[PDB]
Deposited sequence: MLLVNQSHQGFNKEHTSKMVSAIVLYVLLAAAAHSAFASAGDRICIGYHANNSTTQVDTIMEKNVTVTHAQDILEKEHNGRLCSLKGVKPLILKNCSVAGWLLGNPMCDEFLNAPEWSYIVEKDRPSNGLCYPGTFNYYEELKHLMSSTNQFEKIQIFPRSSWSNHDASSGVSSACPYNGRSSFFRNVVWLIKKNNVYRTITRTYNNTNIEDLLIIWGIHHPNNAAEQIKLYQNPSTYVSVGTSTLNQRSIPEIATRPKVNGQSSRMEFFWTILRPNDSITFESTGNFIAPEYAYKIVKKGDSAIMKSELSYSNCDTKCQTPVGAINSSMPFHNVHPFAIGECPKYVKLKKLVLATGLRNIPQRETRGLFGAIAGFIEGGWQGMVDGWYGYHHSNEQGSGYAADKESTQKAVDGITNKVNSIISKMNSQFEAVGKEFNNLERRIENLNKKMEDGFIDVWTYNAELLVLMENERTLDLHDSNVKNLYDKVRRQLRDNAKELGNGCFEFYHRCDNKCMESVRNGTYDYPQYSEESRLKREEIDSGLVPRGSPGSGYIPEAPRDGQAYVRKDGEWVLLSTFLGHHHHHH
């Protein structure tokens, strides 16, 4: 009789982690750090709503396609939401030069303010009310973009146009003008009368003439002609002058860039519900508490970092279930490691929070420190490209997948590598706890091989805990012990 056993915690936990060498091992304490859920809505970002283009495209909005809403309030936005194939773009066919680059400039701007530079009624020298077309219905009557004017000959004449705008604001200004390409030569004179025309624009930074390419093309929303648009940022103090003898499509309104910052053009077929998140994906929002998610690679806001995994669980606790050789003590709470009182007066299971506090520490200090090392992890950024930019487009994707594949690898093999060390730690602690016991009770005790000690003396409860504190003095029971040792020697 009279013993002591060194064991470890074990409990109702059934969550199970993986490591490099073994897989799905059951553990007691562990933390999942993958987010895999989303609410499937489109929401404001930390209070500020997205600009939702609805069925319109960025171009249809900026030009004022009769079908597209204007934002008369001049709001700021957390991000912009375009559908994947918007219905309302260039109602009048044509192309929009360096369009993809303009959108990119949107991504770093948060608030426009539409302002009027060339009032539609100030074109005393031409017809400003004819330039409309069936290709651009509004309320089922022919019409036209609202923010640029399709100036037409007046009383069979088209006086060469020179008009300037001196940008006297603090902000940069986005301005869009355009030029008309007719079907045939008859139509050219029919609208503008000068056989040969041009549209030239001048700033400090930007010199460009433009001339109408007359060619027969197929009908598109009613129209074999096309109209080509251009744009520039006119810096504060600079001015812009338009020269034309025809085909000029004049800006009425400019766009004041009043707040630049972080935004994006998110492509999603969702529409806004009354809902605010920290982190938004084109398929829903994200409850950004975990450090990792696998929901979508284009997320914006205060987001966890995206990895291509289906599982990511940190191990922090123990493996699940007399003597540590034979498994764990379900009968332990109030600690991770410890002992067992089998005494003249005893009954077991007091912990060694000496070493459990020192281990609950460096475990939670290691897992924090793990989230933190991917602070700088690759987040992906939206960009678009045209049908003659395929090479670059694929470049970009290889870059974004390239970094995701990398960080996903980092993410995994960090978890499993430290998982193995977390568990190698417990095995170490247990056998260490053992030793501080063994190396103080030395001649007075039997190494029962299970991981327990039988006493050649009597310990008692105050000397019992005197093994916890490393207190035990070999001498105070030395001579008592040496007697019974040499009885079992030559006894029984």
Deposited-sequence segments unaccounted for in the coordinates: 1 to 40, 362 to 373, 545 to 586
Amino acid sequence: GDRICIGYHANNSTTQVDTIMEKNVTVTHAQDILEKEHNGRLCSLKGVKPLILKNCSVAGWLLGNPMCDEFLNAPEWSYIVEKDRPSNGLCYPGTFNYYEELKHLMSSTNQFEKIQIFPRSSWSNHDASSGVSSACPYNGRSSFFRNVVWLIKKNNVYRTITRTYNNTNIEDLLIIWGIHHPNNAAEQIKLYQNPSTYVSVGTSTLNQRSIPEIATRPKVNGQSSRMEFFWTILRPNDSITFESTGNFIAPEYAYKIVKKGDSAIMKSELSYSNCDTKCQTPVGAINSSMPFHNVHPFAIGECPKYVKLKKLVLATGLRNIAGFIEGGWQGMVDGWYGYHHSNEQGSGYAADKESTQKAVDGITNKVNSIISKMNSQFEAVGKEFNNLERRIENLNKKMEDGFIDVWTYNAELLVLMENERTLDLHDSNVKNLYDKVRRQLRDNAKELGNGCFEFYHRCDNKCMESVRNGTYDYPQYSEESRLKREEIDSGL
From here on, numbers count along this sequence of modelled residues.
Stretch with the greater mean C-alpha B-factor as recorded in the entry, comparing 470 to 478 against 15 to 23: 470 to 478
Which of 346 to 354 and 142 to 150 has higher mean CA B factor, as the PDB entry lists it: 346 to 354
Top Cα B factor in the deposited entry, candidates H38, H29, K54, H426: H29
From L72, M290, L234, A264, residue of greatest CA B-factor: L72
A380 by Cα B-factor - lowest, middle or highest third of the modelled chain: middle
Modelled-residue ranking by C-alpha temperature factor, third containing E393: lowest
Chain thirds of CA B-factor: placement of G338: highest
Entry-reported Cα temperature factor of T364, expressed as the chain third it lands in: highest
Relative C-alpha B-factor of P304, binned into the chain's lowest, middle or highest third: middle
